[PDB]
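Engineer: I am sharing query.txt, which consists of compact mmCIF, C-alpha atoms (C1' of nucleotides):
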# COMPACT_ATOMS: atom_id res chain seq x y z
CA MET A 196 24.09 -5.05 28.26
CA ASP A 197 20.39 -4.06 28.04
CA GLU A 198 19.31 -5.62 24.74
CA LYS A 199 15.57 -6.40 25.06
CA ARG A 200 14.13 -9.03 22.68
CA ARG A 201 11.14 -6.78 21.95
CA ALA A 202 11.62 -7.54 18.28
CA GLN A 203 8.13 -7.71 16.89
CA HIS A 204 9.41 -4.49 15.40
CA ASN A 205 11.29 -3.08 12.36
CA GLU A 206 12.43 -6.40 10.77
CA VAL A 207 8.90 -7.89 10.89
CA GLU A 208 6.70 -5.55 8.82
CA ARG A 209 8.60 -4.03 5.99
CA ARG A 210 9.38 -7.67 5.24
CA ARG A 211 5.68 -7.69 4.13
CA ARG A 212 5.03 -4.51 2.24
CA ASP A 213 8.55 -4.80 0.70
CA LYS A 214 7.18 -8.14 -0.64
CA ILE A 215 4.24 -6.33 -2.38
CA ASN A 216 6.86 -4.05 -3.92
CA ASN A 217 8.20 -6.65 -6.36
CA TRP A 218 4.90 -7.98 -7.83
CA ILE A 219 3.67 -4.45 -8.71
CA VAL A 220 6.82 -3.51 -10.58
CA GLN A 221 5.79 -6.26 -13.04
CA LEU A 222 2.52 -4.75 -14.18
CA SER A 223 3.82 -1.17 -14.11
CA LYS A 224 6.58 -1.75 -16.63
CA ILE A 225 4.70 -4.51 -18.34
CA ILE A 226 1.46 -2.48 -18.58
CA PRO A 227 1.89 0.43 -21.04
CA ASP A 228 0.61 3.25 -18.85
CA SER A 229 -0.16 7.02 -18.63
CA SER A 230 2.79 7.95 -16.34
CA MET A 231 3.52 11.56 -17.50
CA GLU A 232 7.05 13.04 -18.04
CA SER A 233 9.42 15.77 -16.66
CA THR A 234 13.13 15.18 -15.70
CA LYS A 235 14.32 11.54 -15.95
CA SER A 236 11.26 9.31 -15.61
CA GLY A 237 11.23 8.37 -11.85
CA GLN A 238 7.50 8.73 -10.77
CA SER A 239 5.35 5.79 -9.58
CA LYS A 240 2.57 3.19 -10.23
CA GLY A 241 -0.17 5.26 -8.58
CA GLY A 242 0.20 6.95 -11.93
CA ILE A 243 0.01 3.40 -13.39
CA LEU A 244 -2.92 1.76 -11.53
CA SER A 245 -4.72 4.27 -13.54
CA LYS A 246 -3.91 2.29 -16.67
CA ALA A 247 -2.79 -1.12 -15.22
CA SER A 248 -6.15 -2.79 -14.45
CA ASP A 249 -7.44 -2.23 -18.03
CA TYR A 250 -5.41 -4.79 -20.08
CA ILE A 251 -6.15 -7.38 -17.39
CA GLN A 252 -9.92 -7.02 -17.50
CA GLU A 253 -9.95 -7.04 -21.31
CA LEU A 254 -7.59 -10.02 -21.20
CA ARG A 255 -9.51 -12.26 -18.77
CA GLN A 256 -12.85 -11.27 -20.25
CA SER A 257 -12.31 -12.23 -23.90
CA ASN A 258 -10.23 -15.39 -23.25
CA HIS A 259 -9.13 -16.87 -19.80
CA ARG A 260 -11.53 -19.12 -17.74
CA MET B 196 -2.02 30.51 10.62
CA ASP B 197 -0.77 27.26 9.09
CA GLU B 198 -4.18 25.87 9.91
CA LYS B 199 -5.55 22.71 8.22
CA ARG B 200 -3.38 22.80 5.03
CA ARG B 201 -2.58 19.14 5.61
CA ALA B 202 -5.38 18.22 8.07
CA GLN B 203 -7.63 18.09 5.04
CA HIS B 204 -5.06 15.78 3.40
CA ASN B 205 -5.81 13.50 6.37
CA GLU B 206 -9.24 12.79 4.82
CA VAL B 207 -8.01 13.35 1.24
CA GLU B 208 -5.22 10.78 1.87
CA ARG B 209 -7.65 7.91 2.69
CA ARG B 210 -9.02 9.04 -0.63
CA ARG B 211 -6.33 7.19 -2.58
CA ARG B 212 -5.99 4.98 0.42
CA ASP B 213 -9.24 3.36 -0.69
CA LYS B 214 -7.92 3.75 -4.12
CA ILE B 215 -5.28 1.30 -3.01
CA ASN B 216 -7.86 -1.37 -1.24
CA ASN B 217 -10.87 -0.94 -3.43
CA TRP B 218 -9.09 -0.88 -6.65
CA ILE B 219 -7.63 -3.82 -4.98
CA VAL B 220 -10.27 -6.22 -4.76
CA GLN B 221 -12.43 -5.07 -7.44
CA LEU B 222 -9.61 -5.63 -10.13
CA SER B 223 -8.00 -8.21 -7.93
CA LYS B 224 -10.81 -10.74 -8.50
CA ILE B 225 -11.55 -11.50 -12.20
CA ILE B 226 -8.47 -13.69 -12.06
CA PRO B 227 -8.70 -17.24 -10.30
CA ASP B 228 -11.33 -18.43 -7.91
CA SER B 229 -9.67 -17.52 -4.64
CA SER B 230 -11.59 -17.29 -1.36
CA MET B 231 -9.49 -16.36 1.70
CA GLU B 232 -12.69 -16.56 3.69
CA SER B 233 -14.39 -13.36 4.82
CA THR B 234 -16.67 -12.29 7.65
CA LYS B 235 -18.58 -9.15 8.74
CA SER B 236 -15.29 -7.71 7.38
CA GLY B 237 -12.31 -9.74 6.01
CA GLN B 238 -8.66 -9.48 4.86
CA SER B 239 -7.38 -9.41 1.23
CA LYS B 240 -4.55 -8.41 -1.13
CA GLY B 241 -1.12 -10.03 -1.67
CA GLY B 242 -1.56 -13.35 -3.51
CA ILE B 243 -4.04 -11.95 -6.14
CA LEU B 244 -0.92 -10.16 -7.21
CA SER B 245 1.35 -13.22 -7.01
CA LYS B 246 -1.06 -15.53 -9.01
CA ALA B 247 -2.05 -12.78 -11.46
CA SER B 248 1.67 -12.65 -12.14
CA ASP B 249 1.62 -16.09 -13.80
CA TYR B 250 -1.52 -15.56 -15.88
CA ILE B 251 -0.08 -12.13 -16.48
CA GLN B 252 2.87 -14.39 -17.65
CA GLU B 253 0.62 -16.51 -19.91
CA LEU B 254 -1.64 -14.01 -21.63
CA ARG B 255 1.10 -11.29 -21.62
CA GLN B 256 2.91 -14.15 -23.38
CA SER B 257 -0.19 -13.23 -25.43
CA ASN B 258 1.24 -12.62 -28.91
CA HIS B 259 2.97 -15.96 -28.23
CA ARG B 260 6.29 -15.68 -26.38
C1' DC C 1 -9.22 -21.84 28.66
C1' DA C 2 -4.16 -19.91 28.60
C1' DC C 3 -1.83 -16.88 27.00
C1' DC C 4 3.22 -15.58 23.69
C1' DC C 5 2.81 -15.02 18.69
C1' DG C 6 3.74 -14.76 13.77
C1' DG C 7 0.89 -13.39 9.97
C1' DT C 8 -1.34 -9.48 7.35
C1' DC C 9 -4.74 -4.68 6.83
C1' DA C 10 -5.61 -0.49 7.19
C1' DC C 11 -5.42 4.44 8.37
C1' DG C 12 -2.71 8.74 9.88
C1' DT C 13 2.13 11.03 9.14
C1' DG C 14 6.04 13.12 7.13
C1' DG C 15 8.57 14.52 3.12
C1' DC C 16 10.06 15.14 -2.08
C1' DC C 17 8.48 16.64 -6.44
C1' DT C 18 5.97 19.61 -9.88
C1' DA C 19 3.28 22.83 -11.72
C1' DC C 20 0.26 27.35 -11.55
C1' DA C 21 -0.79 30.75 -10.90
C1' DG D 1 11.70 33.60 -8.82
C1' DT D 2 7.45 32.72 -4.92
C1' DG D 3 4.54 30.92 -2.21
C1' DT D 4 -0.76 27.55 -3.46
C1' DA D 5 -2.36 22.99 -3.59
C1' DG D 6 -1.35 18.79 -4.82
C1' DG D 7 1.14 13.67 -6.81
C1' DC D 8 3.22 10.20 -5.32
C1' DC D 9 6.14 7.05 -1.73
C1' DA D 10 8.41 5.65 2.61
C1' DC D 11 7.70 4.46 7.63
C1' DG D 12 5.04 3.80 11.45
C1' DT D 13 0.72 2.00 14.96
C1' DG D 14 -3.02 -1.38 16.65
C1' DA D 15 -6.72 -4.14 14.91
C1' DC D 16 -7.23 -9.25 14.59
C1' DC D 17 -6.79 -12.87 12.86
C1' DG D 18 -5.08 -17.88 12.98
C1' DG D 19 -2.39 -21.18 16.35
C1' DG D 20 0.41 -23.31 19.04
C1' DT D 21 2.72 -25.63 22.87
Take the structure from the file and write it as structure tokens.

Structural biologist:
Amino acid sequence: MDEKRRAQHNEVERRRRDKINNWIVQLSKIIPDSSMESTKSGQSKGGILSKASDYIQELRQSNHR
Amino acid sequence: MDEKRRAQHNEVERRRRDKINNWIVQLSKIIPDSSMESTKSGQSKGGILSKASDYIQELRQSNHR
DNA sequence: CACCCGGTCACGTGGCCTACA
DNA sequence: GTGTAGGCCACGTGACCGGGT
């Protein structure tokens, strides 16, 4: 029953990126952004990064460390 | 022909590509003295997110949550 | 020095949506 | 209606560590 162990495949990587998916979703929702509108608001944080960054600079700057 | 109407996108895709690694460190730095050690080149992303999720959590707590 | 290793990074593909002319 | 160039996002490869036994 040919079942190679060559398993430095599918399970390995998306475990990574997938990780980076749940830290971004923070900012996005929690960073009032410029993410347009059309039918039921489903477009992404590459329409956020635009805004995102902003609050954070002007939040470190004036107060943290 | 269906020439190049996507082959351009090849270049134009790295466009936001280095939207996604340059807006990365650049923003991804004013928060906590990291250092993941670099060289003539050198890795970086991930954590900056994860740690800027708890300061995000303290000065997002801003108003005073 | 020896390689089997996870780790993570990018960069190059498609596909899925959306407006405009 | 009637296709353009454009938006993003999801997966792949393949560099390149660091590191064990």

Engineer: For residue D:15, find every residue with an atom within 12 Å (counting all atoms listed in the file), except residues of its own chain fewer than 4 positions away, and show them as an MDAnalysis selection string.

Structural biologist: (chainID B and resid 236:238) or (chainID C and resid 8:11)

Engineer: Do you know which residues are at most 12 Å from residue A:253 counting all atoms listed in the file, after dropping those on the same chain fewer than 5 positions away, and could you put them as a list in words?

Structural biologist: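 Those residues are residues 247, 248, 258 and 259 of chain A; 222, 225, 226, 254 and 255 of chain B.
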
Engineer: Given a cut-off of 12 Å, which residues of chain D touch chain B, counting only C-alpha atoms (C1' of nucleotides), written out as number ranges by chain?

Structural biologist: D: 4-8, 15-17

Engineer: How many Å separate atom CA of residue B:223 from atom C1' of residue D:10?

Structural biologist: 23.9 Å

Engineer: Between atom CA of residue A:243 and atom CA of residue B:250, what distance in Å does the model show, to one decimal?

Structural biologist: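 Straight-line distance from atom CA of residue A:243 to atom CA of residue B:250 works out to 19.2 Å.
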
Engineer: Please return, as a ChimeraX atom specification, all residues of chain C lying within 10 Å of chain A when only C-alpha atoms (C1' of nucleotides) are considered.

Structural biologist: /C:5-8,17-18

Engineer: Can you work out which one of B:246, B:199, B:260, B:235 has the shortest atom-to-atom distance to chain A, counting all atoms listed in the file?

Structural biologist: B:246

Engineer: For chain A, which residue among B:196, B:234, B:229, B:215 is the nearest when counting only C-alpha atoms?

Structural biologist: B:215

Engineer: In Å, how far is it from atom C1' of residue D:13 to atom CA of residue A:239?

Structural biologist: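 One can read the atom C1' of residue D:13 to atom CA of residue A:239 distance as 25.3 Å.
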
Engineer: Show which residues sit within 10 Å of residue D:11, as an MDAnalysis selection string. Count all atoms listed in the file, and ignore same-chain residues fewer than 6 positions away.

Structural biologist: (chainID A and resid 205 209) or (chainID C and resid 13:14)

Engineer: Counting only C-alpha atoms, which residue out of B:244, B:231, B:220, B:202 sits closest to chain A?

Structural biologist: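 Distance minimum relative to chain A lands on B:244.
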
Engineer: Considering all atoms listed in the file, state which residue in the set A:219, A:197, A:230, A:240 is at the smallest distance from chain B.

Structural biologist: A:219

Engineer: Of the residues A:252, A:224, A:198, A:213, which is the one nearest to chain B, using only C-alpha atoms?

Structural biologist: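 Residue with the minimum atom-to-atom distance to chain B: A:252.
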
Engineer: For chain A, which of B:232, B:251, B:216, B:210 is the closest residue, counting only C-alpha atoms?

Structural biologist: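 Selected residue with least distance to chain A: B:251.
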
Engineer: Step by step: locate chain D in the block above, keep C-alpha atoms (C1' of nucleotides), then write the file as a JSON list (two decimals), in the first residue's frame.

Structural biologist:
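Just written: selection24.json:
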[["chain", "number", "residue", "atom", "x", "y", "z"],
["D", 1, "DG", "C1'", -25.39, 43.71, -21.60],
["D", 2, "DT", "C1'", -19.78, 43.31, -23.18],
["D", 3, "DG", "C1'", -15.46, 42.75, -23.20],
["D", 4, "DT", "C1'", -10.79, 46.30, -20.64],
["D", 5, "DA", "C1'", -7.86, 46.44, -16.79],
["D", 6, "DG", "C1'", -7.62, 45.81, -12.35],
["D", 7, "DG", "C1'", -8.53, 44.63, -6.50],
["D", 8, "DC", "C1'", -7.95, 41.46, -3.64],
["D", 9, "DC", "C1'", -7.03, 36.27, -1.76],
["D", 10, "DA", "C1'", -5.90, 31.31, -1.88],
["D", 11, "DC", "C1'", -2.26, 27.76, -3.00],
["D", 12, "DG", "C1'", 2.02, 26.45, -4.45],
["D", 13, "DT", "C1'", 7.84, 26.19, -5.06],
["D", 14, "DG", "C1'", 12.87, 26.57, -3.40],
["D", 15, "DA", "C1'", 15.83, 29.61, -0.88],
["D", 16, "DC", "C1'", 18.06, 29.08, 3.73],
["D", 17, "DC", "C1'", 18.23, 29.31, 7.74],
["D", 18, "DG", "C1'", 18.97, 27.07, 12.49],
["D", 19, "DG", "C1'", 20.02, 22.15, 14.55],
["D", 20, "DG", "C1'", 20.16, 17.93, 15.85],
["D", 21, "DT", "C1'", 21.35, 13.12, 16.77]]
